[PDB]
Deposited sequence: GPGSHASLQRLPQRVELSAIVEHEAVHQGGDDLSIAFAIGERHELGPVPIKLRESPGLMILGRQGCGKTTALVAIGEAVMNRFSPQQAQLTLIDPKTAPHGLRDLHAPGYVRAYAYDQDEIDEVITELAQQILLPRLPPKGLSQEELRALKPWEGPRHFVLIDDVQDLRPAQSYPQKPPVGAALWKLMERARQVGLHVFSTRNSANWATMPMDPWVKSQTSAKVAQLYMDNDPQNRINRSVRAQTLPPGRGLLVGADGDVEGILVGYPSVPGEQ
């Protein structure tokens, strides 16, 4: 089937429905090819999302909705939220309230760098299998324990880049290699990026890591002259709407549910 999407849908309708196999998925939107019901993000297949859109398209709201979807699908022992918000976006991650779920929220660039590096080096790197092990030894290793870590990164274009005099690494760069290997350490990065400059957007290292990780990418409002791939062009769209594009090339028009 292929139905047309409403102007708006409440995220609470989406959550109450998913609630009612061996699922490892969250849902924060409805889809044209899902009979206007929830579109599950299968986290074993696509452990995160890259979200690309022009101003006003609903990048920030989508992360709020994803946060709320996480909290309704998982207990705090199963999932923790790390909130990265360099623009202190109005009505954004700063207002997502959940004690027990939020292990860190930061907006200051050095603070963000600290939070991401601590998570990557103290928590996630240990979950990787040690180097210099036989494949036989690797197959019998104990799996890591603890919660899955959902890192919500708004406005990656506003993260401070690498510099010299004084030397500083790009803010949050510690996470990039673990994002490629995210399926092994239970890391789930949902990052948004302004995409008015379609031509630099592929050079953004956050986009590179997510593409290299082969996560799905959500193309919200964009210039229809721009091409997602040989077969799919970007679309101009109202807020909350986007083209969900899998690494396999599958494409769905979706509508992000409006958060509580």
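Asker: Mind pulling out the bits of the deposited sequence that never got modelled, as residue ranges from 1?
Answerer: Several stretches lack coordinates - namely 1-6, 27-29, 270-274, in sequence order.
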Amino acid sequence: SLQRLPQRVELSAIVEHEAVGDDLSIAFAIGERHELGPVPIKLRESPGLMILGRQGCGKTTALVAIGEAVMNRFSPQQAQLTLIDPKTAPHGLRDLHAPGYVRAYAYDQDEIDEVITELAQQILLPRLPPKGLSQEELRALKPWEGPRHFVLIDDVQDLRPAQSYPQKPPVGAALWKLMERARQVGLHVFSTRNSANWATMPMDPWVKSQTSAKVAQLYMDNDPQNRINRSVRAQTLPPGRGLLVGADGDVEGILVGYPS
From here on, numbers count along this sequence of modelled residues.
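Asker: Averaged over C-alpha atoms, is the B-factor higher for 209-217 or for 195-203 in this PDB entry?
Answerer: Mean CA B-factor is higher for 195-203.
Asker: Decide which of the stretches 132-140 and 155-163 has the higher mean C-alpha B-factor, going by the entry.
Answerer: On average, C-alpha B-factors are higher across 132-140.
Asker: Going by the CA temperature factor in the entry, name the top one among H149, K87, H97, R181.
Answerer: Out of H149, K87, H97, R181, the record gives the largest C-alpha B-factor to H97.
Asker: Per the entry's values, where does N222 land by CA temperature factor relative to the rest of its chain, in the lowest, middle or highest third?
Answerer: Middle third by C-alpha B-factor.
Asker: Considering only modelled residues of the same chain, in which third does the CA B-factor of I30 rank: lowest, middle or highest?
Answerer: Its C-alpha B-factor, which the entry lists for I30, ranks in the middle third among residues of this chain.
Asker: Could you look up the Cα B-factor of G249 in the entry and say which third of the chain it sits in: lowest, middle or highest?
Answerer: It falls in the top third of the chain.
Asker: Report the third (lowest, middle or highest) to which the CA temperature factor of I228 belongs, ranking only the modelled residues of the same chain.
Answerer: As the PDB entry reports it, the C-alpha B-factor of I228 lands in the middle third of its chain.
Asker: Quick one: classify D110 as lowest, middle or highest third of the chain based on its Cα B-factor.
Answerer: For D110, whose C-alpha B-factor we compare with every modelled residue in the chain, the answer is the lowest third.
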